[PDB]
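Visitor: This is the structure I have questions about; it appears just below.
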Amino acid sequence: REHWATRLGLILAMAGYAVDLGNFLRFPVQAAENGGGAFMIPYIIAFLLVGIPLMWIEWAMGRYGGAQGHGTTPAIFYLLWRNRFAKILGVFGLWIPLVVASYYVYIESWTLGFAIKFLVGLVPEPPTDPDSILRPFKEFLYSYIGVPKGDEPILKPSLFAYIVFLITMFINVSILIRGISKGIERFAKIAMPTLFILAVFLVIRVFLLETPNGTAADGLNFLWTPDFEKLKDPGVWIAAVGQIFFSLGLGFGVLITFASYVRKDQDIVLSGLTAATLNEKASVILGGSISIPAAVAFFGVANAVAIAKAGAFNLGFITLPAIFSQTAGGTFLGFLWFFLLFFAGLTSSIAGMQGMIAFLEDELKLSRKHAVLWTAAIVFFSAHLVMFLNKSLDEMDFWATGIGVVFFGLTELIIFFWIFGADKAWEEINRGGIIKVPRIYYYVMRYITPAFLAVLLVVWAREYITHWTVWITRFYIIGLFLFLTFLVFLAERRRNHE
Ligand SMILES: CNCC[C@@H](Oc1ccc(C(F)(F)F)cc1)c1ccccc1
Ligand code: NA
Ligand code: NA
């Protein structure tokens with residue numbers, strides 16, 4: 001079995017997974033709409049009661065299973081719980097990253113595509129007034145995606161967008177086909193420093209922005225000025241808990257797959273706590289200093305509410321390009337911005353397609369070459385539903401990431417800490433650890449964390465409870481689960497023979 005080469009590489013690869021576009025775009029928006037700086041109170045709390053406990057568990061399960069040649073949840077859940085339902089629930093943690101890859105890599109191609117368009121200068125050049133600056137970029141993005149102009153729910157992506165998507169896929173394969181150490185780790189050692197420099201360079205440049213409508217100080221001011229009256233809202237505490245899940249990448253079965261390449265007695269407690277910290281630092285320091293400020297610096301603090309309500313997607317794909325087109329040398333600023341985003345996602349995409357690669361290698365005994373190409377083949381095919389069927393993306397994202405990861409997360413708790421036994425589990429987390437987990441976390445992991453998850457579930461289960469074309473997507477994603485259930489079946493039939 002393959003292994004991480006260096007402790008640093010492990011943490012960077014982990015951190016490379018956790019730091020995606022969400023750090024720079026989703027996190028700033030959520031904070032501004034939920035009390036600004038006061039949002040740090042439920043966020044930090046959820047980071048201690050939910051994020052940190054759940055991270056150590058997936059790290060534990062991964063390493064536990066990885067010692068026995070199994071990096072995937074179908075196998076691992078059968079080890080923690082010798083049962084048929086365990087292998088079935090384990091399917092989800094092979095299903096979720098595979099559904100996300102069906103659109104994530106695609107969105108990742110956009111950044112690459114835009115970064116190419118920005119570098120060569122193939123960007124709109126307005127013209128005055130905000131709608132007169134945004135619209136040329138609104139139409140610029142829609143032509144790329146192929147956003148439906150008619151009543152038909154049909155996308156028509158440009159030939160360029162598609163070609164970049166092929167390239168993007170090819171880029172992902174190029175890294176993944178070299179393995180864990182010489183591929184993901186070696187790239188994590190390059191991308192993460194590259195990421196940091198690009199972030200810092202923008203943070204510096206954003207702070208130097210000065211328009212008649214305001215400055216970057218006004219942006220950091222609005223974003224961080226605490227509104228404690230919103231802490232009364234349970235929805236904020238739900239958005240916080242949901243965000244920690246989103247930003248740490250919990251419940252995707254990717255931490256489990258990745259930790260399974262950590263050696264049996266190697267530390268997971270401290271190494272994990274570091275990778276988790278790297279992610280959070282990236283968000284609060286770099287992420288909330290680039291997007292929101294530059295948007296407020298240009299449109300004024302008056303539109304700071306309207307900008308935050310415009311969504312995290314408009315901010316990164318319509319707003320921020322529109323602003324760079326108005327700044328000195330901003331064509332290159334656009335290029336850096338998107339080239340920052342590309343690697344942020346490229347370090348995440350490679351990480352989650354490993355789950356399917358690890359499955360074919362461990363359970364179906366495929367070589368690394370085949371396991372990669374067939375995983376690429378699957379992703380590439382399924383992505384066509386996202387590329388062409390309008391709102392297919394959103395539907396996939398709603399199930400896989402909305403409840404898929406939250407449900408599978410709470411499943412991970414009960415299986416490892418309640419079914420497998422808490423004592424046996426606690427030793428599995430702390431074993432080989434440079435530092436030991438605080439004795440108080442035993443109660444957090446056993447009661448507080450599942451309580452938070454179960455009462456995030458109920459809050460999700462009710463209010464979060466569309467055109468007929470969503471069924472096409474439902475049809476497909478259900479079909480995937482059945483397909484994976486079948487491979488698990490074939491996986492256990494191949495083992496009884498040998
Ligand atoms: C690292 N923090 C999580 C953010 C990111 O996580 C993932 C991103 C991509 C993948 C995939 F590439 F599909 F494997 C798997 C997980 C994600 C989560 C939900 C939707 C889109 C992206
Ligand atoms: Na993150
Ligand atoms: Na990433």
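Methodologically, a virtual Cβ is constructed for each residue, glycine included, from the backbone with ideal geometry; neighbour enumeration extends over all protein chains shown. Please treat every number below as a calculation from the coordinates, not as lab data.
Visitor: Dipole of the chain (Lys/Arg Cβ +1, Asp/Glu Cβ -1, origin at the Cα centre): which of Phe170, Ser289, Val262 lies farthest to the positive side?
Guide: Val262
Visitor: Okay, moving on. Between the DSSP loop rule and a limit of at most 16 other Cβ atoms within 10 Å, which trypsin sites (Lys or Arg not before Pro) in the stretch 160-210 are left?
Guide: Qualifying residues, ordered by number: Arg178.
Visitor: So which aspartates and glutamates pass the test for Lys365, namely a Cα distance under 16 Å, with those fewer than 8 places away in the same chain ruled out?
Guide: Partners found: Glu2, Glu492, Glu498.
Visitor: Please report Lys281, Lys230 as a ranked list, fewest other C-beta atoms within 10 angstrom at the top and most at the bottom.
Guide: Ascending number of Cβ neighbours within 10 Å: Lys281, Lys230.
Visitor: Quick one: if you take sqrt(5λ) for each eigenvalue of the C-alpha gyration tensor of the chain, what semi-axes come out, biggest first, whole angstrom?
Guide: Over the Cα atoms of the chain, the ellipsoid semi-axes are 36, 26, 21 Å.
Visitor: Right, another one. Sequence-distant or interchain residues sharing an amide H contact under 5 Å with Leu389, placed H: which?
Guide: It is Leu155, by chain and number.
Visitor: Need the list of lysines near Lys424 for cross-linking: C-alpha distance under 19 angstrom, and skip anything on the same chain fewer than eight residues off.
Guide: The qualifying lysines are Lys264, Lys436.
Visitor: For the stretch 371-386, what does the Karplus curve 6.51 cos²θ - 1.76 cosθ + 1.60, with θ = phi - 60°, yield as ³J(HN,Hα) per residue in whole Hz, taken in order and with x for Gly and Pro?
Guide: Values, residue by residue: 4, 6, 4, 6, 6, 4, 4, 4, 4, 3, 4, 4, 5, 5, 5, 5 Hz.
Visitor: Taking loop as defined by DSSP and a crowding limit of 16 other beta carbons within 10 Å, which trypsin sites (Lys or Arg not before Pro) in the stretch 59-109 fit?
Guide: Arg82
Visitor: Also, quick follow-up: Read phi for every residue in the stretch 251-260 and hand back ³J(HN,Hα) as whole Hz from Karplus 6.51 cos²θ - 1.76 cosθ + 1.60, θ = phi - 60°, with x for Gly and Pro.
Guide: Working through the residues one at a time gives x, 9, x, 9, 5, 5, 4, 5, 6, 7 Hz.
Visitor: For the stretch 183-297, just say rounded, prolate or oblate: build the C-alpha gyration tensor, square-root its eigenvalues into a ≥ b ≥ c, call rounded for a/c under 1.5, and beyond that prolate if a/b exceeds b/c, oblate if not.
Guide: oblate
Visitor: Which of the trypsin sites (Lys or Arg not before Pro) found in the stretch 355-411 are in a DSSP loop and have at most 15 neighbouring Cβ atoms, other than their own, within 10 Å?
Guide: Counting only loop positions with at most 15 other Cβ atoms within 10 Å, the trypsin sites (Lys or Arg not before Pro) in the stretch 355-411 are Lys365.
Visitor: From the backbone phi of the stretch 207-222, what are the Karplus-calculated ³J(HN,Hα) couplings (6.51 cos²θ - 1.76 cosθ + 1.60, θ = phi - 60°) in whole Hz, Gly and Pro given as x?
Guide: After applying 6.51 cos²θ - 1.76 cosθ + 1.60, I find 5, 8, 7, 9, 10, x, 8, x, 9, 6, 5, 4, x, 5, 5, 4 Hz.
Visitor: If you don't mind, there's one more thing I want to ask. Explain nothing, just the number: dipole magnitude of the chain about its Cα centre with +1 on each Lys and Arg Cβ and -1 on each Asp and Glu Cβ, in debye rounded to the nearest 20.
Guide: Around 1420 debye, computed over the chain.
Visitor: A further question follows. Which listed residue (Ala383, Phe408, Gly421) has the Cα farthest towards the positive end of the charge dipole for the stretch 368-497, taking +1 on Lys and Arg C-beta and -1 on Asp and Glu C-beta about the Cα centre?
Guide: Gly421
Visitor: Only counting other Cβ atoms within 10 Å, I'd like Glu125, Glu361 sorted with the fewest neighbours first.
Guide: With the fewest neighbours first, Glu125, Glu361 line up as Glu125, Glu361.
Visitor: Among the listed pairs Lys189/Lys369; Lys182/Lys281; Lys117/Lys138; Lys230/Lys309, give every one whose C-alpha distance is greater than 19 Å.
Guide: Table pairs above 19 Å Cα-Cα are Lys189/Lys369; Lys182/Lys281.
Visitor: In nm, to one decimal, how far is the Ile177 label point from the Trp418 one, both placed 7 Å along Cα→Cβ?
Guide: About 4.5 nm separates the two model spin labels.
Visitor: Please list the non-local residues whose amide H lies under 5 Å from the amide H of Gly37, H modeled 1.01 Å from N, same-chain partners needing a gap of 5 or more.
Guide: Excluding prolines and chain starts, which carry no amide H, the hits are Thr225, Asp227.
Visitor: Let me ask you something else. As I understand it, the dipole of the chain uses +1 on the Cβ of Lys and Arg and -1 on the Cβ of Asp and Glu, about the Cα centre. Which of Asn430, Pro53, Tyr43 lies farthest toward its positive end?
Guide: In the chain, that residue is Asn430.
Visitor: Excluding residues fewer than 8 places away in the same chain, name every one of the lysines whose C-alpha is closer than 17 Å to that of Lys391.
Guide: Straight-distance partners of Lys391: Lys149, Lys156.
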